[PDB]
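Reading through the structure tokens given below for one structure.
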Amino acid sequence: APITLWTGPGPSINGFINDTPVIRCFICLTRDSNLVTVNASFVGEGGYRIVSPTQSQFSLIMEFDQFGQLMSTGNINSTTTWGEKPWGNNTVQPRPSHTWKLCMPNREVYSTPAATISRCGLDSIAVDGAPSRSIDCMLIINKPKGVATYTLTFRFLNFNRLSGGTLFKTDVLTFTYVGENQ
Amino acid sequence: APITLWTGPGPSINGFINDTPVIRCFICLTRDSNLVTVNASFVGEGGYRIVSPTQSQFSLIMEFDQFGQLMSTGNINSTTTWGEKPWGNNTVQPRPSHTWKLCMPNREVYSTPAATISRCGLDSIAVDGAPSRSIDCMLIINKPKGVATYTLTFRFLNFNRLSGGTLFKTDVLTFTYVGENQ
Amino acid sequence: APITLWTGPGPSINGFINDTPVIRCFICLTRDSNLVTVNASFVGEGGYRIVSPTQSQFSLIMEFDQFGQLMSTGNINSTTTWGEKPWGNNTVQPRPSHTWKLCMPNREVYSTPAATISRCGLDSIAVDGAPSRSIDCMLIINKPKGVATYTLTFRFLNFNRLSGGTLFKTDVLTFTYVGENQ
Amino acid sequence: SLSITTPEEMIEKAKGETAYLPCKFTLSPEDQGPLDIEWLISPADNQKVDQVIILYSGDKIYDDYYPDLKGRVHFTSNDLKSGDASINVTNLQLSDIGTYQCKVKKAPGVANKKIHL
Amino acid sequence: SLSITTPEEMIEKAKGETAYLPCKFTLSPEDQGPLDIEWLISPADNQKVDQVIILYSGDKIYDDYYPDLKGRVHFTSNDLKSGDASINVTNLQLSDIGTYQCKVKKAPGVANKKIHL
Amino acid sequence: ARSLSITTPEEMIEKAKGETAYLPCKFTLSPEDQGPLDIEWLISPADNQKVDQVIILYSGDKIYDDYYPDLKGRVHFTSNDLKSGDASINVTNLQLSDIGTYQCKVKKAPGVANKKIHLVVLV
Ligand SMILES: CC(=O)N[C@H]1[C@H]([C@H](O)[C@H](O)CO)O[C@@](OC2[C@@H](O)[C@H](O)O[C@H](CO)[C@@H]2O)(C(=O)O)C[C@@H]1O
Ligand SMILES: CC(=O)N[C@H]1[C@H]([C@H](O)[C@H](O)CO)O[C@@](OC2[C@@H](O)[C@H](O)O[C@H](CO)[C@@H]2O)(C(=O)O)C[C@@H]1O
Ligand SMILES: CC(=O)N[C@H]1[C@H]([C@H](O)[C@H](O)CO)O[C@@](OC2[C@@H](O)[C@H](O)O[C@H](CO)[C@@H]2O)(C(=O)O)C[C@@H]1O
């Protein structure tokens, strides 16, 4: 059976950078037969509403325990709205299930960390996809962190590609990894 | 249950730029448990068989009604072959069903437009993936257009990346978005 | 029903270049309702552990027969561990089934070769996604080869993008194509 | 489920006064996620729509987010997790004219109230 | 299901004549999609193959795709919808020599026919 | 027996410098192990950072043995009846720099087994 964990639509400012919520992260982890598809997008707020080319890189780490439950310790964590999306509606169900593990990155496949570095357009509609308005976002699968069993890291890089100050309104990003076995 | 809407194999010249069919669009929208995968490829014809670096950018908009039925008014529209792919064969079934809605972009998730700007190789096998033979294709999810309830826009951009005249034969492109609830 | 063919976790040096096994290919072909997702990553060994900017391009071709069985003749072939992943564990089941055909690229949709050229980061975690540490990987769907009915080719290109010698440890790559009908 | 008393309102105030913007809400037993409130502003001043002004998550108040309202917006209740997420915005001025919105999440609970000032 | 009568045939004609290329089709009640017709040419003259010359789509004809055939391709029936996609190719030249394909779709029906000229 | 497995999957071995080390890797198949036989030996040397470098391979009825420069020409499979259950190797003329954990990975799908030998070299 398939299963989706997510932030819900219209996500809260759930992305901390030095103990201040500054990124609004929409994150959706959908597990089908074997793979998990990460579908995510980000909107900066406050001091991170506009980013400039001198913006220093950063990681937003999700830390999960061995049963697929999001922990309190990562940059994105259990203190904000997170849970299961039932087929048929847009609610977020917080009550954990054993099926949640199936959204985690297969710990035998990813016994050492894996990564995907994709292009990440910023304010793409408004700037009409101008080439110098893209940064990079790298997913890091299972990089060790604290006492977490599984980790997903959205790492935002190479802001110095930007031609100038840009609204930090990212594209919809898509990654893929092999899901954990029940 | 899952569901796929598509143009079928060997698609007709079904993409309008300026009231004339000029792009041959293969488009396949597959909905599994929760996400829809857009798998699409494009081949130019007539004056659009070869595009040059001075080619001006354009959008091919698909307009859908509230029940997931493709409307007649977009650049890609109900006047060309479009419908459901049965599991097990390559037919195109035009008879609408309530399940078709499941291929549409979730209107609560995408209550304001979302976008993904991907690299888009042109004639990639023949030119052996030469770096200056890629343009950009940006999917825009739910940008308002006329009286459509859902929209998908393939917007082709940054032709000035091209080193010269190139056969407008795109790579297979893949996007992802959250599907609508029944 | 869905079905996954793969190399298993911790793959052998299963990828041959000029008759010598030099690339360690993790390849996973997952078929869900309609599309096949290719999820793959590569690690070079021996002389291919480090690649330099002057590295010449190359193709790793998988050749499959008309029933979806991997043949012995490709760069990646039946002489190494390859088979079905049962839902629930990480074994590799070599006993062929008629369902295996469902992971092949639909021969009517891809009656002439299709391609997708993606960015392909190398040693991305270690080099922190530095822009000049990416090459390109192009998937070619159904380019004819020998007496194969279906083919998948991972073609690695544009090594001259590299700023210097780089550990040939690829990102996780994801491609998508329409699956064959039973 | 989770909902707010009087989900739409309008409020008339003169310059200098402080404005009380209610957001009293009811939970349900089903609502076992974390409490997750934010106030936003759609000013008639700019095109800008829905800019955060004050936050509450992890039993912690984050307020520094909107320049014009710095040091002038705060939560009224001493126990906010009881169901009272009302804020007041002190020392009003004409640039505060707009639509203030209170989103309240407590998974699976979700509701919101608009107020025009 | 959707069919075209005589799916293959040779037609011979020297210079200046008007070639009549028949592509007449039978529908069935399954076939609910829009009538979507295409004629292509695979010339004996040169490299390329399968080139669009004329199409019928959304009850409207579009005709200038092959520069070499410009102005000398017209549909013959003023009632195609009824099952007659046949076309005329007037004032034949020797460069016209090749295979003319006729693809007719009406979802879910699809059918094509080839003609060697 | 019931699946693919190796005999004594963990083991130390001490030899002096110049002697050869016999690294046993004997394994049993089960009827269901119908995949291609796919052996490899790896070395995590103690001397430097790197871990799990390939030294020798058996695949498609051929031996590829080029991979680890330091061990060039000193590693050899010991049993010409390899397909029957014997992945054992010899490391001849032991060096001090041969100190490390040597690993034997045997695959014949769905079978997988592995064994590690921590090897030490004295004077
Ligand atoms: C914008 C910013 O603050 N960037 C710094 C970054 C971020 O604080 C965190 O990534 C937020 O998640 O941290 C950087 O380095 C690190 C970590 O790599 C390390 O584990 O701990 C140090 C503290 O010494 C710091 O968190 C980074 O991610 O590169 C430095 C960025 O400049
Ligand atoms: C090749 C070409 O004609 N490009 C023009 C482009 C296309 O015609 C359309 O995208 C086809 O769908 O239209 C461009 O601008 C627009 C629309 O974006 C706008 O909403 O309306 C104007 C008319 O005022 C025009 O249609 C575009 O999208 O870039 C202009 C391109 O030159
Ligand atoms: C690194 C290397 O060896 N590159 C050469 C490459 C590889 O050997 C193959 O890709 C191995 O898979 O072969 C190159 O071209 C080809 C084939 O495409 C062609 O069919 O035949 C020629 C010889 O006539 C050769 O095999 C390539 O793919 O680019 C040449 C590379 O330099």
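Observations, loosely collected:
- Restricting segment A:20-44 to residues that are buried (at least 20 other Cβ atoms within 10 Å of the Cβ) and more than 24 Å from residue B:176 (Cα to Cα), the residue that is farthest from ligand 2 (Cβ to nearest atom): A:21
- Count of segment D:84-117 residues which are assigned to a loop (DSSP other than H, G, I, E, B) and more than 15 Å from residue D:7 (Cα to Cα): 7
- Matching residues in segment E:19-48 - criterion: being within 13 Å of chain B (Cβ to nearest Cβ), surrounded by fewer than 18 Cβ atoms within 10 Å (Cβ to Cβ) and under 13 Å from residue E:99 (Cβ atoms): E:48
- Some residue of segment F:93-104 being within 12 Å of chain C (Cβ to nearest Cβ), in contact with a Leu (Cβ under 9 Å, 6 or more places away or on another chain) and touching a residue at least 24 places away in the same chain (Cβ under 8 Å): yes
- Verdict on residue A:59 being of a type outside the set (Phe, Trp, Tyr), within 11 Å of ligand 1 (Cβ to nearest atom) and more than 27 Å from residue D:48 (Cα to Cα): yes
- The set of residues in segment D:50-96 that are among the hydrophobic types (A, V, I, L, M, F, W, C) and within 15 Å of the chain's Cα centre (by Cα) comprises D:52, D:53, D:54, D:55, D:61, D:69, D:73, D:75, D:80, D:85, D:87, D:89.
- Among the residues making up segment B:17-48, those that are out of contact with any helix residue (DSSP H, G or I) (no Cβ under 9 Å at 6 or more places or on another chain) and polar (S, T, N, Q) are B:18, B:33, B:34, B:37, B:39, B:41.
- Any hit, segment E:51-61, residues being more than 14 Å from chain B (Cβ to nearest Cβ), surrounded by 13 or more Cβ atoms within 10 Å (Cβ to Cβ) and not aromatic (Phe, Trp, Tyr): no
- Considering E:38, E:8, E:17, the condition of being over 28 Å from residue C:112 (Cα atoms) and acidic (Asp, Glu) is satisfied by E:17 alone.
- Residues located in segment A:65-90, provided they are touching a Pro at 6+ places or on another chain (Cβ under 9 Å) and surrounded by 16 or more Cβ atoms within 10 Å (Cβ to Cβ): A:68, A:69, A:78, A:79, A:80, A:81, A:82, A:83, A:84, A:90
- One residue from B:155, B:107 being surrounded by fewer than 21 Cβ atoms within 10 Å (Cβ to Cβ) and either of a type outside the set (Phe, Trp, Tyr) or touching a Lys or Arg at 6+ places or on another chain (Cβ under 9 Å) (or both): B:107
- Across segment A:141-182, the number of residues qualifying as more than 12 Å from ligand 1 (Cβ to nearest atom), within 12 Å of chain C (Cβ to nearest Cβ) and either part of a loop (DSSP other than H, G, I, E, B) or on the phi > 0 side of the Ramachandran plot (or both) comes to 5.
Values quoted throughout were computed directly from the atomic coordinates according to the rules given, and no laboratory measurement underlies them. Note that we place each Cβ from the backbone using ideal geometry, even for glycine, and neighbour counts take in every protein chain shown.
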